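Written below as structure tokens is the structure these notes are about.
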Amino acid sequence: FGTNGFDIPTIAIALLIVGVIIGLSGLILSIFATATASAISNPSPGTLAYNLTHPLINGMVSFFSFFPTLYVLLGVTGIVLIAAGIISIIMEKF
Amino acid sequence: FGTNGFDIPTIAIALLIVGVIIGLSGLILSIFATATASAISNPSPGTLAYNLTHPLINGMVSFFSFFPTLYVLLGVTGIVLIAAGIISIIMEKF
Amino acid sequence: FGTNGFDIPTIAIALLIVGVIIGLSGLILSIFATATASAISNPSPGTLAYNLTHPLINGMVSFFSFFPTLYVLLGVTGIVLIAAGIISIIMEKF
Amino acid sequence: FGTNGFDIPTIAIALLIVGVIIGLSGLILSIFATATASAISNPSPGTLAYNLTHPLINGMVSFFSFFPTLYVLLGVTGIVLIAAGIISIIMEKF
Amino acid sequence: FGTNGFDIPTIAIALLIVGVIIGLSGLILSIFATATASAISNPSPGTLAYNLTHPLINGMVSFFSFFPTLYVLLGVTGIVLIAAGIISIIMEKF
Amino acid sequence: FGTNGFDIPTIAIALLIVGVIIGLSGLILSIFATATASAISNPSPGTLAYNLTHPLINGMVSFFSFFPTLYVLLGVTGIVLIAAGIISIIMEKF
Amino acid sequence: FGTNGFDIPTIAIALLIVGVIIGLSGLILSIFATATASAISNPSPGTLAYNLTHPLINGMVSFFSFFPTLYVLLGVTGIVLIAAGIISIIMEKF
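Put into structure tokens, the structure is as follows:
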């Protein structure tokens, strides 16, 4: 069901695959982050260990804050692909 | 039953395939999302784990909100294809 | 019974095939949709699972609402084909 | 009684086999589950053994709740197969 | 008594075979289902064994409810075959 | 009863095997966990043995809490397999 | 009196053998169970010997309750065999 490479069933299973992969990734990251939070303690506000450890958790927070926008881009990409498929169909179907 | 590649029975089974695939994808995603919701807990509003986990679920929500429009495009595509088939029939059938 | 490729018995069996295929497709989709409806539950209006699952069923509803017009186009196509056959007969039969 | 591989008697005995196998599986699982229920006791709501054992029975319940939908899919599959056989007969029988 | 592969006596014995096989299958399934019904008991409405066993009998009921439509398809198939035989006779007998 | 490797009776006995194995595993783990609970005692809240033993039982509890989600994944896997079988049937059965 | 291995007199003597063997087995088991019942006494409800002996008689009762279903399966098996013989006769007798 297509013209050259645009196959709606193929697109459907592609959406299936991306959705399930994203779900599993989120699940794994949440589970692992729980373990990380359990592992690290809070020694003291101003001792040696605090100076040693604080920037690490800061970078953790930063990167995990960067993720959402990445997910947004991943979401938008598929609309572009499907639109291109529609346009390619239109171009030489007539 | 056609002229070059437009076969109404073929289109019918194509619709069959896309419909069943979409149904199965929705079923699987709903079932898996139930498991995800069960797995992740709510630690606290302001502790370390909250900072660690919140953007992930935010991205989850975002992507799952992006899906509906994708399904809409997938729905519209077939009308374009069938219209092109009708026009191609008309062009050289007379 | 025809001139070049227009054969009324062939058209008859073509109608046979398309009708039976459409019937089977509708039957299968209804049966599967019953199972889908049974499988998915309603967790709560505002919890995590609702946010996780609602757009999926929304897209389901949308696509299944798109189907009827597709069936309409499929229905109209055959009239065009048969009319073209009649015109082709008329053109060089005299 | 068929064309290439579609044999109604073969389909009949296939249905025979699947039905009897499903019956035996259900019988065995029910009998074994009775023994499981008899074996495990209820120590106390909050002691060590409860913490040790509860998630296991929870997973038991979950998986046994997953079975019904699997049986539904197994039921639907045969309709698809028989429909395909009918369509294949129709295609080249004329 | 035929043209290429359509033999009315062969069709007759084919109907014989399918009928007797279906009868035997129904007989065996009914006899075995009686034994299944005798074997499984009703422990209690809400105890562990009920949670352990109920979905199994639910799936049993579902699949056995799916059978009738399958038998209907099996019944309809032969009409298609015999009609195709008649049409094939007509095509080149004249 | 299939096309290449999808055999409904084979799937049925596969479900049989997985169900019975899961039942036996749960039975064995519950029985053994009872013995574990009986064996270990509670020395005192703050003595040497408590410091020596508490993290071990903590890890026990953690892992046994991880099991349920694993069982959930195992449950979901079969739906994916059966759906793929149905789709593979549909693809080239017509 | 048969085609390849299906011999009605052989089946008759086979039924003879199975019936007489089952009768003798039942006779022997009943006679021996009478002796068992005579041998074991009832010491007291709560003394050492009761704790020592009760699960044994419980298992006795359980296994003897399992026998009836086994006899049912043994009964059903022969119908399957004879039906297969009839079908095999039908297949190539014509």
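Protein chains in written order, with the working numbering: chain A, 809 to 902; chain B, 809 to 902; chain C, 809 to 902; chain D, 809 to 902; chain E, 809 to 902; chain F, 809 to 902; chain G, 809 to 902.
No residue lacks a Cβ here, since even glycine has one placed at the ideal position from N, Cα and C.
Report the residues of the region 847 to 866 of chain A with a CB closer than 7 Å to any CB of chain B, ordered along the chain. none
Cutoff 8 Å: residue 821 of chain E Cβ touching any chain G Cβ: Within the fifth sequence, residue 821 of chain E is the residue found at index 13, counting from 1. Closer than 8 Å: yes.
For residue 753 of chain G, report the span of its alpha helix (DSSP H) as first-last. With chain G covering only 809 through 902, there is no way to say anything about residue 753 of chain G.
Should residue 885 of chain F be labelled buried (16 or more other beta-carbon atoms within 10 Å of its own) or exposed? The residue you call residue 885 of chain F lines up with position 77 of the sixth sequence. By the neighbour-count rule (16 or more Cβ atoms within 10 Å), residue 885 of chain F is not buried but exposed.
Is the region 876 to 891 of chain B in contact with the region 871 to 881 of chain C, if contact means three or more CB pairs nearer than 8 Å? yes
Taking residue 850 of chain A as the reference, give the member of B:856, B:834, B:892 with the closest Cα. By one-based count along the first sequence, residue 850 of chain A stands at place 42. Of the candidates B:856, B:834, B:892, the one whose C-alpha sits nearest the C-alpha of residue 850 of chain A is B:856.
Neighbour-count burial assignment, residue 830 of chain D, 16 or more Cβ in a 10 Å radius: For this step, residue 830 of chain D is matched to residue 22 along the fourth sequence. Its Cβ being crowded by 16 or more others within 10 Å, residue 830 of chain D is buried.
Run down chain B in chain order and give the residues with a C-beta less than 8 Å from the C-beta of residue 844 of chain C. As a position in the third sequence, residue 844 of chain C is number 36, starting the count at 1. Residues of chain B passing the Cβ test: 831, 834, 835.
Less than 8 Å between CB atoms is the rule here; does residue 896 of chain D satisfy it with respect to chain E? The residue labelled residue 896 of chain D in the question sits at position 88 within the fourth sequence. Using a CB distance cut-off of 8 Å, residue 896 of chain D does not count as an interface residue toward chain E.
The alpha helix (DSSP H) spanning residue 814 of chain G covers which residue range? The residue you call residue 814 of chain G lines up with position 6 of the seventh sequence. Run containing residue 814 of chain G: none; DSSP gives neither H nor E here.
Do you know offhand how far residue 813 of chain A's Cα is from residue 833 of chain B's? Taking the first residue of the first sequence as 1, we reach residue 813 of chain A at position 5. Taking the first residue of the second sequence as 1, we reach residue 833 of chain B at position 25. Those two C-alpha atoms are separated by around 21 Å.
So residue 764 of chain D and residue 867 of chain E are in contact, right, with Cβ under 8 Å, and what is the actual spacing, rounded? Outside the displayed range of chain D (809 to 902) lies residue 764 of chain D, so it cannot be described from this structure.
Less than 8 Å between C-beta atoms, sequence neighbours within five positions excluded: which residues of the same chain meet that for residue 899 of chain A? Taking the first residue of the first sequence as 1, we reach residue 899 of chain A at position 91. If we look at residue 899 of chain A and ignore the five residues flanking it on each side, it has no Cβ neighbours.
Can you confirm whether residue 828 of chain C, when its beta carbon is compared against all beta carbons of chain D, has any partner nearer than 8 Å? On the third sequence, position 20 is the one that residue 828 of chain C refers to. Closer than 8 Å: yes.
Could you say which of D:845, D:809, D:877 lies nearest to residue 836 of chain B if we only look at CA atoms? In the second sequence, residue 836 of chain B corresponds to position 28, counting from 1. Checking every option, the nearest Cα to that of residue 836 of chain B belongs to D:877.
Buried or exposed for residue 890 of chain A, please, with buried defined as at least 16 other CB atoms from any protein chain shown within 10 angstroms of its CB. On the first sequence, residue 890 of chain A is found 82 positions in, with the first residue counted as 1. Result: buried.
For residue 829 of chain D, which of helix, strand or coil comes out of DSSP? Taking the first residue of the fourth sequence as 1, we reach residue 829 of chain D at position 21. Note: residue 829 of chain D maps to helix in three-state DSSP.
Taking just the CA atoms, how far does residue 823 of chain B sit from residue 888 of chain B? Position 80 of the second sequence, counted from the first residue, corresponds to residue 888 of chain B. Position 15 of the second sequence, counted from the first residue, corresponds to residue 823 of chain B. If I take the Cα positions, the gap works out to 14 Å.
Which residues in chain B sit within 9 Å of residue 886 of chain C, going by Cβ to Cβ distance? Against the third sequence, residue 886 of chain C aligns to sequence position 78. What residue 886 of chain C touches in chain B: 809, 816.
Pick from E:825, E:816, E:865, E:853 that is closest to residue 839 of chain D, judged by C-alpha positions: Mapped onto the fourth sequence, residue 839 of chain D falls at position 31. It is E:865 whose Cα lies nearest to the Cα of residue 839 of chain D.
Buried/exposed call for residue 818 of chain A, threshold 16 Cβ in 10 Å: Sequence index remark: in the first sequence, residue 818 of chain A carries index 10 (1-based). Exposed.
If the cut-off is 8 Å on Cβ atoms, which residues from the region 871 to 883 of chain G count as contacting chain E, listed in chain order? Here the close residues are 877, 880, 881.
Under a CB-based cut-off of 8 Å, is residue 825 of chain C close to chain B? Taking the third sequence and counting its residues from 1, the one referred to as residue 825 of chain C is at position 17. So, interface residue.
Taking Cβ to Cβ, would you say residue 902 of chain D is nearer than 8 Å to residue 895 of chain E? Reading the fourth sequence from its first residue, position 94 is the one you call residue 902 of chain D. Reading the fifth sequence from its first residue, position 87 is the one you call residue 895 of chain E. Their beta carbons are under 8 Å apart, which means residue 902 of chain D touches residue 895 of chain E by this criterion.
Cβ distance (whole Å) where residue 897 of chain A is taken to contact residue 892 of chain B below 8 Å: Here residue 897 of chain A corresponds to residue number 89 of the first sequence, with the count starting at 1. Here residue 892 of chain B corresponds to residue number 84 of the second sequence, with the count starting at 1. Indeed, because the Cβ distance is near 7 Å, the residues count as touching under 8 Å.
Measure the CB-CB distance between residue 826 of chain C and residue 825 of chain B and report whether it falls below 8 Å. Counting from 1 along the third sequence, the entry for residue 826 of chain C is found at position 18. Counting from 1 along the second sequence, the entry for residue 825 of chain B is found at position 17. No.
Looking only at its chain, what residues have a beta carbon closer than 8 Å to the beta carbon of residue 811 of chain B, apart from the 5 residues adjacent to it on each side? Locating residue 811 of chain B in the second sequence gives position 3, counting from the first residue. The residues are 896, 897, 900, 901.
Given a threshold of 16 other Cβ atoms within 10 Å of its Cβ, counted over all protein chains shown, does residue 860 of chain D qualify as buried or as exposed? For this step, residue 860 of chain D is matched to residue 52 along the fourth sequence. When all chains shown are included, residue 860 of chain D counts as buried.
Helix, strand or coil: how does DSSP classify residue 848 of chain G here? As a position in the seventh sequence, residue 848 of chain G is number 40, starting the count at 1. Coil, per DSSP.
Is the CB of residue 841 of chain D under 8 Å away from at least one CB in chain E? If you number the fourth sequence from 1, residue 841 of chain D lands on position 33. Judged by the 8 Å Cβ criterion, residue 841 of chain D is in contact with chain E.
Residue 828 of chain B: buried (16+ other C-beta within 10 angstroms of its C-beta) or exposed? Start at 1 with the first residue of the second sequence, and residue 828 of chain B comes out as number 20. That one is buried.
What's the call for residue 841 of chain D, buried or exposed, on a 16-neighbour Cβ count within 10 Å? Position 33 of the fourth sequence, counting from 1, holds the residue named residue 841 of chain D. Residue 841 of chain D is buried by the Cβ-count criterion.
Secondary structure at residue 840 of chain C, three-state DSSP: helix, strand or coil? Within the third sequence, the letter at position 32 stands for residue 840 of chain C. Note: residue 840 of chain C maps to helix in three-state DSSP.
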